[PDB]
Amino acid sequence: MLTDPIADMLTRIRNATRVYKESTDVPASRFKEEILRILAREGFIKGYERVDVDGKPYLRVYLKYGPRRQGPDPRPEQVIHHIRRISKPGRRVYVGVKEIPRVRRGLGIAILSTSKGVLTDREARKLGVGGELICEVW
Amino acid sequence: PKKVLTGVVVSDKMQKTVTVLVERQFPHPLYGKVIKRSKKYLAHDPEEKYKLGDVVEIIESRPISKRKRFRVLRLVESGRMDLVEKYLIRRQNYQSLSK
Amino acid sequence: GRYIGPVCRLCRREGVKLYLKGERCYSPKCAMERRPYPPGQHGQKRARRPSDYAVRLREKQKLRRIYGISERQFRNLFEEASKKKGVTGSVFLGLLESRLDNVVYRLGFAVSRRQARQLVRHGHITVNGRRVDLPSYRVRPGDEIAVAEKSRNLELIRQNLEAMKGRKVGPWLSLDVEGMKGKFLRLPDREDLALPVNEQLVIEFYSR
Amino acid sequence: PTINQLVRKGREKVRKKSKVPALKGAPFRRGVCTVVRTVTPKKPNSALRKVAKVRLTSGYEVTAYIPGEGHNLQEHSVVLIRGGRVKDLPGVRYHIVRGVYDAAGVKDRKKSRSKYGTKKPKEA
Amino acid sequence: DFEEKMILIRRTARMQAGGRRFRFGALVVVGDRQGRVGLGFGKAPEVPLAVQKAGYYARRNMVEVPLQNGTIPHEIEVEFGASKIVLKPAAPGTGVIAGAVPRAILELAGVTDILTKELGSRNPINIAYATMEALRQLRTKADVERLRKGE
RNA sequence: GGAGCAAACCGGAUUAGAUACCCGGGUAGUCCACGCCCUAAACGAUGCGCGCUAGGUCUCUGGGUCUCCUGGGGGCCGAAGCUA
RNA sequence: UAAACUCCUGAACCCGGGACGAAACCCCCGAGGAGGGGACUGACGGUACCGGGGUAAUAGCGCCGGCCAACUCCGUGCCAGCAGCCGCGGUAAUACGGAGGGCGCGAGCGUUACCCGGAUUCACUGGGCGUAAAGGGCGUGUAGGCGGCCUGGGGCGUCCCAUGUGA
Ligand SMILES: [Mg+2]
Ligand SMILES: [Mg+2]
Ligand SMILES: [Mg+2]
Ligand SMILES: [Mg+2]
Ligand SMILES: [Mg+2]
Ligand SMILES: [Mg+2]
Ligand SMILES: [Mg+2]
Ligand SMILES: [Mg+2]
Ligand SMILES: [Mg+2]
Ligand SMILES: [Mg+2]
Ligand SMILES: [Mg+2]
Ligand SMILES: [Mg+2]
Ligand SMILES: [Mg+2]
Ligand SMILES: [Mg+2]
Ligand SMILES: [Mg+2]
Ligand SMILES: [Mg+2]
Ligand SMILES: [Mg+2]
Ligand SMILES: [Mg+2]
Ligand SMILES: [Mg+2]
Ligand SMILES: [Mg+2]
Ligand SMILES: [Mg+2]
Ligand SMILES: [Mg+2]
Ligand SMILES: [Mg+2]
Ligand SMILES: [Mg+2]
Ligand SMILES: [Mg+2]
Ligand SMILES: [Mg+2]
Ligand SMILES: [Mg+2]
Ligand SMILES: [Mg+2]
Ligand SMILES: [Mg+2]
Ligand SMILES: [Mg+2]
Ligand SMILES: [Mg+2]
Ligand SMILES: [Mg+2]
Ligand SMILES: [Zn+2]
């Protein structure tokens, strides 16, 4: 039944990016869209569309990756080095404003739901609000 | 402002008195995860109007008796025994713990 | 106070020429010019690579010994340094300099700091009119670090005055050699300073 | 442990025994000698060490080791226990402060006096 | 012609009839003091040679250190399987606050204001490798948007 | 209930000794009915559920025009990854 | 350079002067009010401080095998003793005791006691469980915890703003 839709996707993304798969699906949701709509905005994904699989709504997340590499191991750098859910279902995280993280000194992003949207560390910050720290990526 | 609470009535066996149970919720001081605890309040009801399974607003009030410092404000919905179901079940697993 | 004992002796452990002595340390003999090695039965034998400890240690003992100052006092200043904003390594030193008995040296009214302390302590100096004798006295910017009336025409005062003619000193300072008095322009920049000491290594040791 | 677990059970607050029961919080305690005698050391050593059982103010009663070359401790000497174990010997969890009461310091010792109650001699 | 200082120099030993025969190991760090660094490990039947052997793999091995007024672009936790180690940037006037090992690696790397501590095994050797491969992951605001852009 | 086996037990032998190993004999027990005991290297020394992430090989079982696709088990080798 | 020696300074000590802390209640104008003016009162204390004279004028404790800064000589010979742990001493001891020397810190220096740290060694931050300590012998289910997709009502958590409070 899945306990958490969200970190499930992020996992999808994660496991995917690790073998470099071009794109990989994930059941559709108003919310995951919104999550991704930021994965795009900030350039972690190339993008996503409400692709179908057997009558069932999904999303193609088209994964961004580094350039090839020189020397031992032609391992492309990684557009998404590290993704991990924060506010888990078993333990809700609810940061006020002056409490939002500073992910890896700026380079990092921190999504999070809010009464005025689905903003980010700076977007919600500058906007001047607080909400459920969805997760951080960098 | 005289604090007020909604909790379900959970016993009517008293003369002009009623047992009201009220779950609050809040986050654990170290573990955050919102946790749930509850307390019973001894409400006054001079009209003996409210019956079991009623969900009620309860107001901080002048002391009526040793345990009554609240009075029934107003109904919120009649038929909700399913909740008293729970409070009874809980109170019954106890009897199977002793020695 | 200051280890009154043998002092042209520390120069020898640190291994750097240190100016606790006045004339003599400039001569051929900071203790060091004749004996460049550490004190004691040994020290003339092949030393060994100071553990990361010894280093951070001995560097501290250097910059401290240079001011001939109370460890408790030092230690305190080091901490006061972290108390306030900016780069601690600098202000520590900048703060060390504000010490009155250090000014009557940078302003040269004496050949040594230990000498400098005597005069300061003996009421020989003054500031804006009052006969300060507290070596500790933190000099804020801009104050007549003059010399006192009973004192002006003093024997060892002049011998340092007639020797103090010309010879520019301290970009963060100014000396009215004639009126026998100086000014604290501003707080000694790091560049304005030049000590045989790595400030960054002294902070290290003050984390243990 | 899930958090729900943590919320339920919780982390067991560690706790430690006091390697020396001298007194409720006392730094030392005044004792009195009963027996006084040499006792052979443990596993890798051997050398007839100096100890004494010590009837306590605290009603207790225990062995305490005696530091330094030679002692004036007789079968009644009032004494002061400082308490510090001794890998060498079993049961001895306490040391005896040379320098106080019938704890006379050591004679002829020049180094690290303090630790052995001896005053600083004179040269003249 | 880089600056050079060895970390630890140990004497392991193997067994064999008649007796035991030994060898020695030398961990060495190496750097310019403005971003070039490289530790390398070498072992030879004798000290000098063994140190020398490091001096080789030392210079041989290397890595770009994206400094920043002497600190670093952002913190990193990195676990070399057994050992973990955390580097965090710091305002100037702080220092090389870190252990024996991760110290040198950072100092002979031109660093001067860094908050760092080990966790898990504090094994010199293993922490060593961890500290390098740590550094070898720091992305600069540039390195970042050079990937996030892909244009 | 009781054939065979078989702690305990008896005898033979081996041994310095042999309350053992080997041999001859032997009783509870092993079997059943009912009732109790509730332990184990009760082992994959791996809690259950759910989604993710190469393939190769043989094997049990089911569906489909069927030198092979599809589902469920049982194995060995191994992507990445984990791992002291 | 330590001492000696030369020079310069001048804690202590002696002489002189010497408070701030205290302007009110209390007295006349007015009105016993507002407003001004008028006087007494200091335990500390002839101390603080200020001027004059003026003598070179207390150093101690811890350590020096590794961690941990700081080496050698003698005595001792698993004895005498050391110890926080690893350990040291059974003729050649930088590990015992004395010495010279050195290191640290100085009117303090050590010891003991207890609290936090190191200890990510109760782990929320931040831990684990195939063999290192750790999966319940296996189910079935009560409470509890956790819960898929979309529209909408309330807004409990949650968030933001102001306001009282936080002496
Ligand atoms: Mg600071
Ligand atoms: Mg700043
Ligand atoms: Mg039986
Ligand atoms: Mg098995
Ligand atoms: Mg395998
Ligand atoms: Mg691999
Ligand atoms: Mg592999
Ligand atoms: Mg794992
Ligand atoms: Mg002199
Ligand atoms: Mg002299
Ligand atoms: Mg003379
Ligand atoms: Mg005077
Ligand atoms: Mg008078
Ligand atoms: Mg009157
Ligand atoms: Mg007088
Ligand atoms: Mg008088
Ligand atoms: Mg006084
Ligand atoms: Mg005077
Ligand atoms: Mg050393
Ligand atoms: Mg002897
Ligand atoms: Mg010897
Ligand atoms: Mg030896
Ligand atoms: Mg010795
Ligand atoms: Mg020792
Ligand atoms: Mg702790
Ligand atoms: Mg802790
Ligand atoms: Mg945890
Ligand atoms: Mg563990
Ligand atoms: Mg099991
Ligand atoms: Mg709604
Ligand atoms: Mg509304
Ligand atoms: Mg406050
Ligand atoms: Zn000199």
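Residues numbered from 1 in each chain as written, not as in the entry; some residues may be left out. Chains lettered and ligands numbered in written order. Part of a larger assembly, values for the part shown. Heavy atoms only, no water.

In the PDB archive, X-ray crystallography is given as the structure determination method for this entry, at a resolution of 3.4000 Å.

(A) Up close: the interface of chain C and chain E. Each partner contributes to the interface: chain C provides 10 residues, whereas chain E provides 12 residues. The contact between chain C and chain E buries some 720 Å² in all, and 40% of this surface belongs to carbon and sulfur atoms. Looking at the side of chain C facing chain E, the largest losses of area belong to C:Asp52, C:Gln200 and C:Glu204, adding up to 57% of the total buried there. Connecting chain C to chain E are 4 salt bridges. Our count for the contact surface shared by chain C and chain E stands at 3 residue pairs in polar contact. Of all the secondary-structure elements, those providing two or more residues to the side of chain C that touches chain E are α3 (52-65), α5 (88-98) and α9 (199-205) of chain C. Among the elements that line the side of chain C that touches chain E, the one with the most residues is α9(C), at 4 residues. Along the lines of polarity and charge, the residues of the side of chain C that touches chain E split into 3 nonpolar, 4 polar and 3 charged. (Contact = heavy atoms within 4.5 Å. Buried area = accessible area lost by both parts, 1.4 Å probe. Salt bridge = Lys/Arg side-chain N within 4 Å of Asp/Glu carboxyl O. Polar contact = N/O pair within 3.5 Å; in protein donor to acceptor, adjacent residues only side chain to side chain. Helix = DSSP H or I, 4+ residues; strand = E, 2+ residues; numbered from the N terminus. Nonpolar A, V, L, I, M, F, W, Y, C, P; charged D, E, K, R; others polar.)

(B) Representation of the protein's contact with RNA strand G within the structure. Around RNA strand G, the surrounding shell holds 97 residues, and the nearest of these are C:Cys8, C:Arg9, D:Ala47, D:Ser112 and D:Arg113. For RNA strand G, the fraction of atoms within 4 Å of the protein that belong to sugar or phosphate moieties is 81%. Between RNA strand G and the protein, one listed contact pairs a sugar or linking oxygen with a side-chain N or O atom of B:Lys33 at 2.8 Å. Taking D:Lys111, its main chain carries an N or O atom lying 2.8 Å from a phosphate oxygen of RNA strand G. For the surface near RNA strand G, the secondary structure elements donating two or more residues are β3 (32-44) and α1 (81-93) of chain B, α1 (10-14), α3, α4 (71-83) and α8 (155-161) of chain C together with α1 (3-8) and β2 (49-56) of chain D. The element that contributes the greatest number of residues to the surface near RNA strand G is α3(C), accounting for 7 residues. The residue makeup of the surface near RNA strand G, split by class, is 33 nonpolar, 28 polar and 36 charged. (Near = heavy atom within 4 Å.)

(C) Here's a closer look at the domain arrangement of chain C. All names here are of chain C. The assigned domain composition of chain C is domain 1 (1-96 + 194-208) and domain 2 (97-193). If you average the C-alpha positions of domain 1 and of domain 2, the two centres end up 23 Å apart. Counting residues at the interface gives 25 residues for domain 1 and 17 residues for domain 2. Around 1,700 Å² of area is buried between domain 1 and domain 2 when both sides are counted, 41% of it from carbon and sulfur atoms. At the junction of domain 1 with domain 2, the criterion picks out 2 salt bridges. For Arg190, the salt bridge is made with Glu199, and the minimal N-O distance between the two is 2.9 Å. Scanning the region where domain 1 abuts domain 2 turns up 10 residue pairs in polar contact. Of all the secondary structure elements, the ones that give two or more residues to the side of domain 1 that touches domain 2 are α4 and α5. For the side of domain 1 that touches domain 2, the leading source of residues is α5, giving 5 residues. Partitioning the side of domain 1 that touches domain 2 into residue classes produces 15 nonpolar, 5 polar and 5 charged. (Domains from an automatic or database assignment.)

(D) Spotlight on the side chain of B:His44. All names here are of chain B. Note that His44 resides in strand β3. The exposure class assigned to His44 is buried, which follows from its relative accessible area of 15%. For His44, the side chain forms a polar contact with the main-chain oxygen of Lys16, separated by 3.4 Å. Among residues more than four places away in sequence, those in contact with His44 are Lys16, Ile64, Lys68, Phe70, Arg71 and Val72. (Buried < 20%, exposed > 50% of the residue type's maximum accessible area, 1.4 Å probe, protein only.)

(E) Region of the structure containing the pattern of salt bridges. Per the stated rule, a full pass over the model turns up 42 salt bridges over all chains. Measuring nitrogen to oxygen at the nearest pair gives 3.9 Å for the salt bridge that ties A:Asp8 to A:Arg12. Highlighted residues: A:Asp8 and A:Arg12, both in helix α1 (residues 5-19), separated by 4 residues, approximately one helical turn. Shared partners join several salt bridges into a network, and the residues in it are C:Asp52, C:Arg56, C:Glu204, E:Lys5, E:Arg103 and E:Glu107.

(F) Up close: the protein's contact with RNA strand F. Around RNA strand F sit A:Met1, A:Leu2, A:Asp8, A:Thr11, A:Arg12, A:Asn15, A:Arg18, A:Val19, A:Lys21, A:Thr24 and E:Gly81, and those are all the residues in its vicinity. When atoms of RNA strand F within 4 Å of the protein are sorted by moiety, sugar and phosphate together comprise 83%. The backbone of A:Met1 places a nitrogen or oxygen atom 2.9 Å from a sugar or linking oxygen of RNA strand F. E:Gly81 has a polar backbone atom sitting 2.9 Å from a phosphate oxygen of RNA strand F. Counting residues per element, the surface near RNA strand F draws most heavily on α1(A), which supplies 6 residues.

(G) Focus on the interface of chain A and chain E. Each partner contributes residues to the interface: chain A has 11 residues there, and chain E has 9 residues. Summed over both partners, the interface of chain A with chain E comes to about 1,000 Å²; 55% of that surface belongs to carbon and sulfur atoms. A salt bridge links A:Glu77 to E:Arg139, with the nearest nitrogen and oxygen atoms 2.6 Å apart. Where chain A touches chain E, the interface holds 3 residue pairs in polar contact.

(H) Representation of the sheet that holds strand β2 (residues 17-28) of chain B. All names here are of chain B. Here 5 strands make up a closed barrel; going around it, the order is β1-β2-β3-β5-β4 and the pairing mixed. Neighbour-to-neighbour, the strand axes of the sheet open up by a mean angle of 45°, direction not taken into account. In terms of strand pairing, β2 meets β3 through 12 bridges, oriented antiparallel. Paired with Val22 across the strands is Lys39, a residue of β3. Where α1 meets the sheet, it contacts β1 (4-11), β2, β3 and β4 (55-60), and its direction lies at approximately 65° from that of β1. (Pairing = 2+ DSSP bridges. Axes fitted to C-alpha atoms, helices over the stretch in contact; angles between N-to-C directions.)

(I) Representation of the arrangement of the chains. Ranked by contact count, the leading pair among the 5 pairs of chains in contact consists of chains A and E. There is no contact between chain B and chain C; across them, the least C-alpha separation is 30 Å. Across the gap from chain D to chain E, with no contact made, the nearest C-alpha atoms are 20 Å apart.

(J) Here's a closer look at the environment of A:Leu133. Structurally, A:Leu133 is set in the loop between α3 (123-127) and β8 (135-137). Separated by 48 residues in sequence, A:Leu133 and A:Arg85 place their C-alpha atoms 8.7 Å apart.

(K) Local environment of the packing of aromatic side chains. Residue and element names in this part refer to chain C. Counted according to the given criterion, the structure contains 11 aromatic pairs over all chains. Between the aromatic rings of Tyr53 and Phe205, the centroid separation amounts to 5.8 Å while the plane-to-plane angle is 40°, which identifies the pairing as tilted. Pair noted here: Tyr53 is in helix α3 and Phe205 is in helix α9, with a separation of 152 residues, a long-range link. Residue class for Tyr53 comes out partly exposed when judged on its relative accessible area of 41%. Ring geometry for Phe74 versus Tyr206: centroids 5.8 Å apart, planes at 90°, classification edge-to-face. (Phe/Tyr/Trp six-rings, centres within 6.5 Å; stacked < 30°, edge-to-face > 60°.)

(L) Structural context of a positive patch on the surface. A grouping of A:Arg102, A:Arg105, A:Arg122, A:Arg125 and E:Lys88 is seen on the molecular surface, where their side chains present a positively charged patch. Checked against the element boundaries, E:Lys88 lands in strand β9 (residues 83-89). (Patch = residues over 30% accessible without salt bridge, like charges linked within 9 Å, V, L, I, M, F, W, Y side chains within 5 Å. Areas by Shrake-Rupley, 256 points an atom, 1.4 Å probe, with all protein chains shown as cover. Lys, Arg positive; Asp, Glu negative; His and termini not counted. Charge placed at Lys NZ, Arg CZ, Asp CG, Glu CD.)

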